[PDB]
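Remarks on the structure that follows.
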Amino acid sequence: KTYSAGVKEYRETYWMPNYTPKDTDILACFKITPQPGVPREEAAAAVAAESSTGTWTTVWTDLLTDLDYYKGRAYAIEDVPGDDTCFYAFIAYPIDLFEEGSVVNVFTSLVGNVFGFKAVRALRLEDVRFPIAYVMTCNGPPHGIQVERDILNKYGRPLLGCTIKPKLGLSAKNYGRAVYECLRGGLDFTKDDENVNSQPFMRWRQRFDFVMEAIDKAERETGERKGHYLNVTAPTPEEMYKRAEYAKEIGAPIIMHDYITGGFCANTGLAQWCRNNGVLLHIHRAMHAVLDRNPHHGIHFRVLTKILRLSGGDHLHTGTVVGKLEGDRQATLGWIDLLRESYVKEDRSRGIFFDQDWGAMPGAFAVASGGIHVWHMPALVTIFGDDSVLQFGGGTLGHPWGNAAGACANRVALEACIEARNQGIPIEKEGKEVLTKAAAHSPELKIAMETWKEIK
Amino acid sequence: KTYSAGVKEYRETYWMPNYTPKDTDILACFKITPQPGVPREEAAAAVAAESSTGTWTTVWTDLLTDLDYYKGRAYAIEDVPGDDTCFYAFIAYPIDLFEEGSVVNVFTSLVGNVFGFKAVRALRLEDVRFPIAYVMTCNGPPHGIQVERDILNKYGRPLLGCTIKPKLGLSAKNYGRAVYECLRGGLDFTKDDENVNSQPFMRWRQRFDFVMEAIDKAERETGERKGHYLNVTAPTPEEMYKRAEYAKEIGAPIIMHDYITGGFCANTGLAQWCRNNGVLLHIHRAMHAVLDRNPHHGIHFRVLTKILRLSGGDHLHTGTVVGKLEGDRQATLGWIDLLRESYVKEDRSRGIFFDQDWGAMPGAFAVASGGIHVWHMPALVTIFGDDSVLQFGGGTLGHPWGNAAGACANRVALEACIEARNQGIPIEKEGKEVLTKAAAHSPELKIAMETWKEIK
Amino acid sequence: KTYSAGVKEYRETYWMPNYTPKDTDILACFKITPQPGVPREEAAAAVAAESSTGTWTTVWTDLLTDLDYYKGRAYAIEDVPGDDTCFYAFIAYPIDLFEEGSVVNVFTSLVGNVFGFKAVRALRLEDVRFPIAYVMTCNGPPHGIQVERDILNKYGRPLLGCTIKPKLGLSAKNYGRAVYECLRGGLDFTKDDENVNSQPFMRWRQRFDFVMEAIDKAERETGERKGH
Amino acid sequence: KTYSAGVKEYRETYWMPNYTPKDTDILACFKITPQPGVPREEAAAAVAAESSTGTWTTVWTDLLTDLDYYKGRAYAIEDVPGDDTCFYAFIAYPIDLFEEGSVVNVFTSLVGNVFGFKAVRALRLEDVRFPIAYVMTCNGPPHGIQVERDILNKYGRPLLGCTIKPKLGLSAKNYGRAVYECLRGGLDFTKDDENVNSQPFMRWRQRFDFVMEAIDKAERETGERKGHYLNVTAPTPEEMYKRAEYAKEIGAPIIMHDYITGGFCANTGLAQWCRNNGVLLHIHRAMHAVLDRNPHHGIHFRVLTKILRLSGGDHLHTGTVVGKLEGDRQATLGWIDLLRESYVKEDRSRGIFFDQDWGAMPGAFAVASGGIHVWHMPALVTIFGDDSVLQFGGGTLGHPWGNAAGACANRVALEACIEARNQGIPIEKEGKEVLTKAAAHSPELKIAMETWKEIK
Amino acid sequence: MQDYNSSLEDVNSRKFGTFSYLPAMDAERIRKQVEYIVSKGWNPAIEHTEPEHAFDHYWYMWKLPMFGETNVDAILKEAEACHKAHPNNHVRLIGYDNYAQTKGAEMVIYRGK
Amino acid sequence: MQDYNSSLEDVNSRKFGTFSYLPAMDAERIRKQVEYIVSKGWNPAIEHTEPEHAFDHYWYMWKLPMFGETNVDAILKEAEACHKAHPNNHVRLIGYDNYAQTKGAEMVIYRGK
């Protein structure tokens with residue numbers, strides 16, 4: 001090949017319909033809404049070129065290397081079931097293109113600039129196939145589900161949590177009092193809100209201290225291990241590590257990080273720190289809806305789920321299925337599987353375009369939260385199963401008798417649902433009677449059921 | 001005043017049409033596409049509540065604090081000119097809600113969860129008013145425009161850069177050869193691609209070494225100061241700081257970071273490190289289009305511009321205006337002003353909903369890049385002015401005579417445009433004649449003009 | 001699935017002739033000289049068992065885990081061309097058995113104890129298949145051939161070296177003089193002998209100093225990059 | 001003399017039959033199977049030259065130094081009793097040839113290249129005489145037998161250990177449960193398998209934590225000091241030291257290292273670390289059979305025993321005598337003496353070719369392991385004596401009643417054998433009756449004796 | 001609106017994991033839990049401990065886990081035997097999941113103290 | 001198949017070193033151990049401690065070690081005298097090996113508690 005300056009089309013080089021993906025290739029599925037007049041193959045090849053090695057005009061330095069190997073290539077185009085304004089493009093990238101153990105690098109390469117390319121009206125990254133060879137270069141969850149259950153000595157049920165509310169405004173001691181009441185009521189965890197980092201009304205060191213006081217008192221009172229996700233999200237990595245180190249110093253079993261707003265670099269560093277220091281890592285997905293809500297533009301949350309599992313987290317907020325459509329319900333089940341399972345088979349109904357092998361990388365707890373209460377207990381237990389954390393922020397603090405009673409109501413509802421499920425009862429079909437029979441022995445649960453209306 | 005459990009509407013507490021924003025309030029403008037049947041005030045109050053202190057059900061802990069003070073409140077609703085499915089909501093947040101000097105915290109609070117709220121079909125954060133009191137708590141650019149010009153000894157013109165292409169695949173020595181040719185041709189800067197971090201074909205230490213060799217040779221040859229944005233974006237903050245430290249050790253004047261994909265925490269830490277170590281910081285905006293492209297959902301790039309200026313960066317990619325709509329042109333000019341000016345007045349035509357005071361916080365260079373070549377020189381010079389960096393990746397390496405000739409062509413075009421502008425010529429109106437008169441004395445510029453088509 | 005104490009043969013569990021190696025499996029080829037009277041499959045299965053998860057008597061803790069997955073298994077036996085006293089055994093190990101990026105662990109697992117096992121007269125590890133998934137967990141060469149040539153600015157030919165002799169006995173300055181003469185003559189490299197670490201007649205810091213003095217003089221004299 | 005270039009024979013310089021070894025010389029015995037046609041003296045001189053200062057052709061730098069002093073010299077040749085294809089060569093090396101306190105250096109010098117020399121068909125290093133002057137430069141065992149007994153408060157009997165089985169596949173908590181059952185049954189020690197370092201199914205920090213939990217519970221339950229050899233063998237010295245430091249941090253009394261596969265450099269560093277930090281060091285001899293099994297090629301295990309004692313270890317696996325030949329029995333007794341005694345006299349029947357003086361350097365525990373059970377207790381007690389560790393991996397976990405019962409059976413068998421030996425009973429002659437009388441009072445021992453066949 | 005009734009001094013405030021917030025299990029509920037463990041293919045096991053040491057990671061194992069045991073009556077009789085041998089101890093029923101290497105189920109079936 | 005029967009609360013679960021897993025020594029067994037100590041040339045000694053402090057490195061020395069003492073009956077009477085003076089204490093018989101500077105033998109001959 002010789003050097004010929006000038007602009008050329010992307011289709012002849014970056015569109016290879018006969019390419020067979022290698023077992024080490026990173027595969028990406030892009031739902032492309034192309035600019036009118038642009039053929040599908042040209043749009044797919046443009047996405048591949050701009051995401052891997054392409055440039056808008058021919059450069060001679062290309063001939064110093066093996067572009068035939070290093071380039072990303074579109075190898076398949078499919079129709080989107082239903083919508084005809086867009087199409088699925090499947091692109092393969094050689095593993096050599098990426099820094100090992102760097103979700104930052106893979107993410108930057110895939111989504112760095114193609115979303116603003118003028119050849120497409122809209123672009124959505126639907127799925128990414130991380131080959132097992134690349135997966136093994138990533139740290140993954142610091143502990144994972146089984147190690148976490150062993151650490152916490154909690155088995156056979158979902159864990160129960162609660163975000164302390166109001167999200168902001170409480171002093172450290174009042175915050176700790178709320179934490180203590182929740183934990184003594186029967187919750188496994190309490191949680192800092194995502195925007196609780198270190199505010200003038202509650203500086204982080206004071207919050208950490210009083211939270212640990214609350215945890216110790218609740219553990220002594222109940223005889224069960226307790227935790228509180230101390231938010232270490234911080235302006236700088238030095239501050240984040242300082243807060244994590246203090247949490248370790250005072251004996252905190254678990255910390256929390258906002259991996260999208262804090263960033264993947266800080267999150268990966270924190271996950272490695274958590275592995276090195278034996279601290280559980282709860283991951284909050286703040287800002288996810290900016291990326292994943294729009295069905296035609298952005299990054300689907302299953303990609304963010306894979307990224308988080310590789311970057312590292314022992315828990316990940318996965319959203320609640322309650323009130324979702326069948327397609328959304330299936331997609332949620334799919335990304336829960338991606339978060340927790342060792343191997344996830346391709347399932348177009350779930351939006352899983354690729355088989356995802358995780359090898360021995362442990363899964364993370366799926367976290368359900370957001371406007372849920374006791375009446376949601378059956379569905380949640382049916383949907384998430386045991387390896388999940390169910391978080392009742394308002395559902396615990398909004399109890400008419402306070403945090404301890406609300407925590408007890410949530411715990412009784414969960415344990416009743418779990419026992420009924422173990423006995424073979426169809427819990428989602430008849431959740432009302434299971435909850436009512438439980439409430440016959442739990443006044444807290446009875447008044448909780450009266451506080452919030454049935455959902456169906 | 002009293003505790004009453006149960007769900008209540010957000011409108012009665014979080015909608016205050018008579019509220020006058022304080023000079024220390026953080027103000028946000030949200031373009032809201034509400035769910036059908038939801039009144040505008042309810043949607044605005046829901047956004048305010050979910051972004052500041054609200055919860056889906058009443059919690060007793062609210063009465064332990066002064067909710068009337070700490071809450072965010074919607075104080076105004078306006079119609080979006082044109083589109084009637086959406087409306088502008090203006091929300092005020094007391095400064096106490098946020099950790100000082102933490103764009104991470106402010107960002108998480110504003111965009112953490114409201115974008116997924118069921119009461120809105122779509123949500124776009126259009127603008128944020130950072131009060132000067134909060135601005136002064138942030139580090140801002142490590143050096144800023146004037147300090148950078150003094151360091152580089154470059155005045156009276158935009159700086160010229162070039163991303164080395166192909167984006168991936170070059171060995172460190174070949175990469176350095178390309179860098180050397182570009183820099184010796186007349187460019188001020190060369191640039192790592194956003195996804196060049198440390199790949200198996202070019203490990204970062206080797207790239208840093210050969211880039212510094214190229215920089216030294218070019219500086220000795222031309223007698224002008226040269227730089228190359230060494231990308232320190234890394235899997236972990238420890239790795240990022242290690243690469244930054246090595247860049248400082250070998251005498252690199254400038255480094256680069258992807259502040260969205262790397263994350264705001266890592267970026268703020270790196271900006272403070274750059275201030276502490278006297279290294280210029282170039283900021284690449286990879287993934288910005290995932291957030292800012294959709295006009296009805298996401299975060300407008302002017303918000304990301306303000307966030308970057310607070311977090312810290314000496315350069316920021318602001319996009320090229322060429323090929324944009326008139327509204328897009330005005331929005332781009334507005335966020336360039338937000339990046340560079342000490343005070344930016346409200347201008348609805350530019351989408352600037354709030355006066356933004358930066359005080360003495362220096363501005364950052366606006367960076368123009370993407371598919372530009374010599375024919376774009378007039379427009380760029382007219383649009384960006386002196387305090388900008390114009391980056392010609394393909395426009396330099398795609399020159400038929402190689403990198404040095406392409407760099408010389410770009411430099412001659414820039415200097416001809418600048419001299420003609422200083423002489424009073426209308427450069428954007430008659431750019432062809434200025435470029436042609438320049439090319440009469442520059443064969444490199446002549447053949448560059450022949451290589452790429454004229455742009456109107 | 002049930003615990004029964006006592007000694008059992010390795011063949012029924014660790015010999016799986018129908019097993020198809022996975023792309024992530026570590027594969028080993030052992031040339032086994034079996035003890036007389038021991039069948040080939042028992043010898044191969046014994047090597048597989050003792051190297052991965054096996055134990056000489058049944059233990060109840062096996063049933064706390066998934067032995068069917070974690071065990072190493074012999075999946076093929078071949079005749080050694082020529083010699084009939086030995087045979088080739090091919091054994092597959094799941095990647096989960098090993099610490100990532102640890103040649104120490106993989107090496108310890110494969111050769112740690114099977115070479116002294118009573119069931120074999122002699123044992124030679126002939127080859128090991130490291131799956132690409134495991135290879136990517138290892139650091140590998142710090143620079144490699146292409147990076148080194150770029151660092152040294154030497155292309156199109158083999159590099160030339162020379163170990164300084166006598167292996168021991170030279171003072172640091174005399175050592176450096178020998179280094180300088182070699183490098184100035186046209187060699188790219190000189191080399192410490194393997195047993196030159198820090199001896200009473202030449203302490204390492206002195207050797208390092210005079211070697212660098214020699215390297216600098218030779219590089220200035222020849223204009224070519226030199227090393228030791 | 002003068003410089004004469006060209007190849008010369010090794011015999012005239014490196015063969016000195018009249019040389020009398022100095023008290024500071026390192027002496028080596030090599031069993032040489034020479035290439036046909038090569039005389040014995042030539043082969044011995046070639047081994048001496050290639051191992052000390054020789055080179056294949058005359059070099060002028062030879063005359064810059066006194067190789068009449070520095071060279072290694074063969075000073076004696078003897079016939080191997082029985083086999084006539086090989087002969088013993090005795091070679092003396094001046095102490096100046098070696099770095100002080102470096103088993104790495106001595107080992108590299110002796111075995112670095114002579115084993116591949118073309119003049120010999122096969123070569124076996126049978127024995128090495130370390131002069132006391134060199135011995136005193138080496139750190140030796142961090143604590144040694146007497147200090148270890150004082151630390152553990154265990155006297156008058158061999159210690160009892162047990163490797164946790166299966167070698168791989170257990171989670172950290174299940175691993176710790178097995179450890180706890182073994183230790184509470186009556187064992188002094190449990191042990192990580194040699195290939196248990198940090199696996200995806202059980203990361204090292206989790207294993208360390210749950211092992212320490214088990215140790216604490218067992219010590220509180222039995223009132224006897226307990227330990228578990230935590231394997232710190234790691235990919236890098238930094239990782240090895242990190243794991244050792246964590247073991248010290250959590251109060252682990254003893255750690256373990258594979259000194260051949262981990263390497264002598266790492267092992268010596270770890271032994272010095274153990275001395276500096278008061279942690280016992282158990283040494284596993286994985287890979288020893290690659291070196292020492294072949295009677296005509298390799299390094300005899302008595303040399304490796306001396307090397308380990310110099311490098312440092314409080315325990316060393318010495319193998320089990322049961323099932324060995326009469327010559328192998330004597331060789332095992334000889335290297336046990338080399339491991340434990342202050343002075344070992346030359347004994348050709350044991351393969352001890354040199355008197356070995358250890359001065360005040362303490363001995364290490366001899367560790368017996370591998371397919372042993374209760375029926376082996378008499379022989380073991382007779383062979384190893386008190387200063388030994390008897391490890392029953394399968395013999396404890398393979399008990400029909402579980403780990404605690406198997407540990408109790410092994411402890412009862414050991415204590416019965418020790419009491420009978422103290423009473424003057426010939427234990428190896430009548431071990432069955434001693435064990436039967438003991439089993440009359442120990443159901444665990446009775447069923448253990450029924451589980452595994454009698455050994456005679 | 002009532003007080004929650006939990007305190008450090010009240011020994012009834014202590015909880016013991018899953019199903020400890022429900023009424024104490026009777027024979028039929030225990031049998032149903034054993035049936036669930038068997039149906040999952042998990043290995044039944046019995047542990048016990050003195051109530052003061054219930055916080056510990058490791059309880060006392062009652063003999064060995066009944067690996068591969070699918071007879072519900074045998075598991076129930078083993079649990080009853082453990083209860084009789086240690087009447088003052090909490091007795092926990094466990095289903096070991098050997099594939100995940102976790103306890104698929106764990107619950108105190110006999111409350112001590 | 002029986003439970004091992006060891007627990008934190010059962011005081012009989014505590015062990016006291018060598019020969020504590022055998023039945024308690026009678027007079028004849030103690031004498032044979034004393035004879036063994038003398039036959040080795042070790043120096044007999046008697047220590048004792050309260051059972052709660054049996055884990056300590058240092059027990060109470062009963063007078064001084066009987067250095068160079070070879071009369072078995074004299075050693076036995078010293079051990080018996082310590083037992084009478086402290087009937088609730090464990091009593092240990094020790095053979096000091098002065099050449100190795102270790103305890104060649106150590107065993108509880110009189111169990112307390």
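A note on labels: chains of the structure tokens are A, B, ... as shown, every chain counts residues from 1, and ligands are counted from 1 in their shown order.
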
**Prompt:** Which parts of chain F does DSSP call strand (DSSP E or B) when run on the backbone here, written out as a VMD selection string?
**Reply:** chain F and resid 43 to 49 60 to 61 90 to 97 102 to 110

Preceding selection exported with N, CA, C and O atoms as a CSV table (one decimal), in the first residue's frame:
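Written out: out17.csv:
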```
chain,number,residue,atom,x,y,z
F,43,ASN,N,17.5,-32.2,84.2
F,43,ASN,CA,17.3,-31.7,85.5
F,43,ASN,C,15.8,-31.6,85.8
F,43,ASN,O,15.1,-30.9,85.2
F,44,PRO,N,15.3,-32.4,86.8
F,44,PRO,CA,13.9,-32.4,87.1
F,44,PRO,C,13.5,-31.1,87.7
F,44,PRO,O,14.3,-30.5,88.5
F,45,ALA,N,12.3,-30.7,87.4
F,45,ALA,CA,11.7,-29.5,88.0
F,45,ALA,C,10.2,-29.6,88.1
F,45,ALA,O,9.6,-30.4,87.4
F,46,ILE,N,9.6,-28.8,89.1
F,46,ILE,CA,8.2,-28.8,89.3
F,46,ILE,C,7.7,-27.4,89.2
F,46,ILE,O,8.2,-26.5,89.8
F,47,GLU,N,6.7,-27.2,88.3
F,47,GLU,CA,5.9,-26.0,88.3
F,47,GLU,C,4.5,-26.3,88.5
F,47,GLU,O,4.0,-27.4,88.3
F,48,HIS,N,3.8,-25.2,88.9
F,48,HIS,CA,2.3,-25.3,89.1
F,48,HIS,C,1.7,-24.0,88.8
F,48,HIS,O,2.4,-22.9,88.8
F,49,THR,N,0.4,-24.0,88.5
F,49,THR,CA,-0.3,-22.7,88.3
F,49,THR,C,-1.8,-23.0,88.5
F,49,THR,O,-2.3,-24.1,88.5
F,60,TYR,N,4.3,-21.0,88.1
F,60,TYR,CA,5.0,-20.8,89.3
F,60,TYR,C,6.0,-21.9,89.5
F,60,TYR,O,5.7,-23.1,89.4
F,61,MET,N,7.3,-21.6,89.7
F,61,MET,CA,8.3,-22.6,90.0
F,61,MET,C,8.1,-23.0,91.4
F,61,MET,O,8.0,-22.2,92.3
F,90,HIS,N,-2.8,-27.1,88.7
F,90,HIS,CA,-2.1,-28.0,87.8
F,90,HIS,C,-0.7,-28.1,88.3
F,90,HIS,O,-0.1,-27.1,88.6
F,91,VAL,N,-0.1,-29.3,88.3
F,91,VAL,CA,1.3,-29.5,88.7
F,91,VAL,C,2.0,-30.1,87.5
F,91,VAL,O,1.6,-31.2,87.0
F,92,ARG,N,3.1,-29.5,87.1
F,92,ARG,CA,3.8,-29.9,85.9
F,92,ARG,C,5.2,-30.5,86.3
F,92,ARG,O,5.9,-30.0,87.2
F,93,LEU,N,5.6,-31.6,85.6
F,93,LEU,CA,6.9,-32.2,85.8
F,93,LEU,C,7.7,-31.8,84.5
F,93,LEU,O,7.2,-32.0,83.4
F,94,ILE,N,8.9,-31.4,84.8
F,94,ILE,CA,9.7,-30.8,83.7
F,94,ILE,C,11.1,-31.4,83.8
F,94,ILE,O,11.7,-31.6,84.9
F,95,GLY,N,11.7,-31.8,82.6
F,95,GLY,CA,13.1,-32.2,82.6
F,95,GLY,C,13.8,-31.1,81.8
F,95,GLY,O,13.6,-31.0,80.6
F,96,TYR,N,14.7,-30.3,82.5
F,96,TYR,CA,15.4,-29.3,81.8
F,96,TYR,C,16.7,-29.9,81.1
F,96,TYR,O,17.5,-30.6,81.8
F,97,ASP,N,16.8,-29.7,79.8
F,97,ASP,CA,18.0,-30.1,79.1
F,97,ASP,C,18.9,-28.8,79.0
F,97,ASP,O,18.7,-27.9,78.2
F,102,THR,N,16.6,-26.3,76.6
F,102,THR,CA,15.2,-26.4,76.3
F,102,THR,C,14.6,-27.3,77.4
F,102,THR,O,15.4,-27.9,78.2
F,103,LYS,N,13.3,-27.4,77.5
F,103,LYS,CA,12.7,-28.4,78.3
F,103,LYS,C,12.6,-29.7,77.5
F,103,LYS,O,11.9,-29.8,76.5
F,104,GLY,N,13.4,-30.7,77.9
F,104,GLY,CA,13.4,-32.0,77.2
F,104,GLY,C,12.1,-32.7,77.4
F,104,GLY,O,11.6,-33.4,76.5
F,105,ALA,N,11.4,-32.5,78.5
F,105,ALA,CA,10.1,-33.0,78.8
F,105,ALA,C,9.3,-32.0,79.6
F,105,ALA,O,9.8,-31.3,80.4
F,106,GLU,N,8.0,-32.0,79.4
F,106,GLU,CA,7.1,-31.2,80.2
F,106,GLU,C,5.7,-31.9,80.2
F,106,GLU,O,5.2,-32.1,79.1
F,107,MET,N,5.1,-32.1,81.3
F,107,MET,CA,3.8,-32.8,81.4
F,107,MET,C,3.1,-32.5,82.7
F,107,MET,O,3.8,-32.3,83.7
F,108,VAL,N,1.8,-32.3,82.6
F,108,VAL,CA,1.0,-32.1,83.8
F,108,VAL,C,0.8,-33.5,84.5
F,108,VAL,O,0.2,-34.4,83.9
F,109,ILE,N,1.3,-33.6,85.7
F,109,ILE,CA,1.2,-34.9,86.4
F,109,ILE,C,0.0,-34.9,87.4
F,109,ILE,O,-0.5,-35.9,87.8
F,110,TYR,N,-0.3,-33.7,87.9
F,110,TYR,CA,-1.5,-33.5,88.8
F,110,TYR,C,-2.4,-32.4,88.1
F,110,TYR,O,-2.0,-31.3,88.0
```

Hey, what's within 10 Å of residue 131 (chain B) if we count only C-alpha atoms and toss same-chain stuff fewer than 5 positions away? As a compact mmCIF listing (two decimals) with N, CA and C atoms, in the first residue's frame, please?
```txt
# COMPACT_ATOMS: atom_id res chain seq x y z
N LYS B 22 -30.74 33.93 46.37
CA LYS B 22 -29.68 34.62 47.07
C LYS B 22 -28.42 34.67 46.21
N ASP B 23 -27.53 35.60 46.54
CA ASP B 23 -26.29 35.74 45.80
C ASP B 23 -25.38 34.53 45.97
N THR B 24 -25.59 33.73 47.00
CA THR B 24 -24.80 32.52 47.22
C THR B 24 -25.49 31.26 46.74
N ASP B 25 -26.70 31.36 46.21
CA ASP B 25 -27.40 30.17 45.75
C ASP B 25 -26.77 29.63 44.47
N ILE B 26 -26.74 28.31 44.35
CA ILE B 26 -26.49 27.66 43.07
C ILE B 26 -27.81 27.59 42.33
N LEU B 27 -27.85 28.14 41.12
CA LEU B 27 -29.07 28.14 40.32
C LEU B 27 -28.92 27.16 39.17
N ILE B 95 -26.13 27.32 49.13
CA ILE B 95 -24.74 26.92 49.00
C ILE B 95 -24.35 25.88 50.05
N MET B 136 -14.89 30.56 44.27
CA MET B 136 -13.63 30.78 44.95
C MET B 136 -13.18 29.60 45.80
N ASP B 355 -26.19 35.06 34.68
CA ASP B 355 -24.90 35.72 34.75
C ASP B 355 -23.93 34.81 35.49
N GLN B 356 -22.76 34.59 34.91
CA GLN B 356 -21.73 33.77 35.53
C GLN B 356 -20.53 34.65 35.84
N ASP B 357 -20.26 34.83 37.13
CA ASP B 357 -19.09 35.56 37.58
C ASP B 357 -17.99 34.57 37.90
N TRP B 358 -16.82 34.77 37.31
CA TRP B 358 -15.67 33.95 37.60
C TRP B 358 -14.67 34.63 38.51
N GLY B 359 -14.89 35.90 38.84
CA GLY B 359 -13.94 36.62 39.67
C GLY B 359 -12.57 36.63 39.01
```

**Request:** Find the spatial neighbours of region 13-20 of chain B, counting only C-alpha atoms, within a cut-off of 8 Å - ignore same-chain residues fewer than 2 positions away - and output them as a PyMOL selection string.
**Result:** chain B and resi 10-11+22+41-42+44-46+48-49+71-76

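Excluding region 363-371 of chain A itself and any same-chain residue fewer than 4 positions from it, the protein and nucleic acid residues within 7 Å of it, counting only C-alpha atoms, are residues 141, 144, 145, 313, 314, 315, 316, 317, 318, 319, 320, 336, 339, 340, 341, 387, 388, 389, 390, 391, 392 and 394 of chain A; 56 of chain B.
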
Would you write out those residues with C-alpha atoms, as a PDB file, in the first residue's frame?
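The result, stored in out12.pdb:
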```pdb
ATOM      1  CA  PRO A 141     -15.345  -6.794  42.488  1.00  0.00           C
ATOM      2  CA  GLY A 144     -18.069 -10.458  45.354  1.00  0.00           C
ATOM      3  CA  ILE A 145     -21.277 -12.041  46.569  1.00  0.00           C
ATOM      4  CA  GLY A 313     -17.901  -3.122  43.165  1.00  0.00           C
ATOM      5  CA  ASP A 314     -19.429  -5.511  45.665  1.00  0.00           C
ATOM      6  CA  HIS A 315     -22.894  -3.967  45.269  1.00  0.00           C
ATOM      7  CA  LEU A 316     -24.392  -2.162  42.304  1.00  0.00           C
ATOM      8  CA  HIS A 317     -27.679  -0.302  42.108  1.00  0.00           C
ATOM      9  CA  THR A 318     -29.659  -2.018  39.365  1.00  0.00           C
ATOM     10  CA  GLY A 319     -33.000  -0.252  39.756  1.00  0.00           C
ATOM     11  CA  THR A 320     -36.395  -1.671  40.613  1.00  0.00           C
ATOM     12  CA  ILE A 336     -28.909  -8.347  36.790  1.00  0.00           C
ATOM     13  CA  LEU A 339     -23.918  -8.348  37.259  1.00  0.00           C
ATOM     14  CA  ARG A 340     -24.188 -11.636  39.142  1.00  0.00           C
ATOM     15  CA  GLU A 341     -23.658 -14.652  36.884  1.00  0.00           C
ATOM     16  CA  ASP A 387     -28.176 -12.291  46.028  1.00  0.00           C
ATOM     17  CA  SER A 388     -29.545  -8.783  46.274  1.00  0.00           C
ATOM     18  CA  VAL A 389     -29.752  -5.783  48.574  1.00  0.00           C
ATOM     19  CA  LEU A 390     -33.194  -4.227  48.974  1.00  0.00           C
ATOM     20  CA  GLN A 391     -32.963  -0.600  50.086  1.00  0.00           C
ATOM     21  CA  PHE A 392     -35.907   1.105  51.792  1.00  0.00           C
ATOM     22  CA  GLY A 394     -38.390   6.309  52.736  1.00  0.00           C
TER      23      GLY A 394
ATOM     24  CA  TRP B  56     -40.883   9.994  48.094  1.00  0.00           C
TER      25      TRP B  56
END
```

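Proximity of C:152, C:211, C:187, C:63 to chain D, computed with only C-alpha atoms, is greatest for C:63.
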
**Request:** Kindly determine which residues of chain E lie within 7 Å of chain C, considering only C-alpha atoms, and give the answer as a PyMOL selection string.
**Result:** chain E and resi 67-68+98-99+101

**Request:** Using only C-alpha atoms, determine which residues lie at most 10 Å from region 75-89 of chain E, disregarding the query and same-chain residues fewer than 6 positions distant; provide the list as a PyMOL selection string.
**Result:** (chain E and resi 27+30-31+34-35+38+44-54+61-63+65-66+69+109-113) or (chain F and resi 3+5)

**Prompt:** Within 7 Å of residue 428 (chain D), counting only C-alpha atoms, which residues qualify if same-chain residues fewer than 2 places away don't, as a list in words?
**Reply:** residues 378, 379, 382, 426, 430 and 431 of chain D

**Request:** Enumerate as a VMD selection string the residues belonging to chain A that approach chain E to within 10 Å, with only C-alpha atoms taken into account.
**Result:** chain A and resid 145 to 147 149 to 158 181 184 to 186 217 to 225 386 400 to 406 408 to 409 411 to 416 418 to 424 438 441 to 444 447
